[PDB]
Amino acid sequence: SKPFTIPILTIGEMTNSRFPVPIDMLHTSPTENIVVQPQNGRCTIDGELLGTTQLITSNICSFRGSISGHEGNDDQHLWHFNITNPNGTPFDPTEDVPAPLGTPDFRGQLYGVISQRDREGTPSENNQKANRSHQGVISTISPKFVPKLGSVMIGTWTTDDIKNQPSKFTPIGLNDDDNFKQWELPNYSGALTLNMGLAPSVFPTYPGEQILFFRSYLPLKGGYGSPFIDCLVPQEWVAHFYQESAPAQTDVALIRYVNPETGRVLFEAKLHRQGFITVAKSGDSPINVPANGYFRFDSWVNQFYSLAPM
């Protein structure tokens, strides 16, 4: 059987699988009263992509397609954004997926830039294509956020310079974090319709364990705070497992966090086949590890393995 392996990249060499930014830190805390069911950054350790997970970091929380019309009443200009697969073909809602791959998996106000390049050249400019880019916000809580049905709504404040043309949304952060709920899924089909094709929720089963997350802070357009988003594995682990597809000889890999300079093991954890990590820790306190550290696969165990306290 092909040996299972984990990337040796450091935290400072990897990206969050739920938002296209570097990982800032490891994080663990109790999650008994939250449902942990993210849809980006979901890959089994034997290489099966789940949820809305795709391979390209820059496509996480990005949309592409075209603007078809203005809806903008009071407050701001609003635009109807027909979205397509990341490769440009029409999204098929009968696929067993929640929404087009990379769609955001949280409730909040996604801030970024919409860029357009027109589909036909301009005859008075030697047939070159016209372009425009402006800031925009995509509310993932709007009743018009229906990515599974092929469209979302984007607002551009007082900017009216948006055409009915091919468009891409590149995420930057959040408009505000007033109601940012990273563990609450949006309605991918809007009001009164349940989500489908979901990666399952994850939780520790063994007494005394918590999930270990990879955390990144997010920029804000305005207001106050230091919002953050937690992923189950880095995006580079998704791409590694997807390519390697090593057989999972049991459903739990024992992994150790190591300092390659000193050669010493710092702590150990369980990497569950479903694609998430648990550790033996109670509470939320500083995780004192070196910047050069990374996880190494040690051996195949099971869900009843008793980890050393982290």
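Quick note: we count residues from 1 along the sequence shown, nothing fancier.
S.K.: On average, which has the higher Cα B-factor in the deposited entry, 272 to 280 or 257 to 265?
M.R.: Per the deposited B-factors, the answer is 257 to 265.
S.K.: Of 214 to 222 and 86 to 94, which one has the bigger average CA B-factor?
M.R.: Taking the mean B-factor of the alpha carbons in each, 86 to 94 is higher.
S.K.: Which one, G136, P147, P104, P143, has the peak C-alpha temperature factor per the PDB entry?
M.R.: Reading the PDB entry, the winner on C-alpha B-factor is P143.
S.K.: Checking the entry, which one of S68, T53, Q243, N59 has the top C-alpha B factor?
M.R.: Each of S68, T53, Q243, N59 was compared by C-alpha B-factor; the highest is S68.
S.K.: Lowest, middle or highest third: which one holds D176 when the chain's residues are ordered by CA B-factor from the entry?
M.R.: Middle third - that is where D176 ends up once the chain's C-alpha B-factors are sorted.
S.K.: Using the B-factor values recorded in the entry, state whether the Cα atom of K168 falls in the lowest, middle or highest third among the modelled residues of its chain.
M.R.: Within its chain, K168 is a lowest-third residue by C-alpha B-factor, going by the deposited values.
S.K.: Could you say whether, by C-alpha temperature factor, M196 belongs to the lowest, middle or highest third of its chain?
M.R.: CA B-factor rank for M196: middle third.
S.K.: Could you tell me which third, lowest, middle or highest, the C-alpha B-factor of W237 occupies within its chain?
M.R.: Its C-alpha B-factor belongs to the lowest third of this chain's values.
S.K.: According to the PDB entry, is the CA B factor of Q76 in the bottom, middle or top third of its chain, that is, lowest, middle or highest?
M.R.: As the PDB entry reports it, the C-alpha B-factor of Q76 lands in the highest third of its chain.
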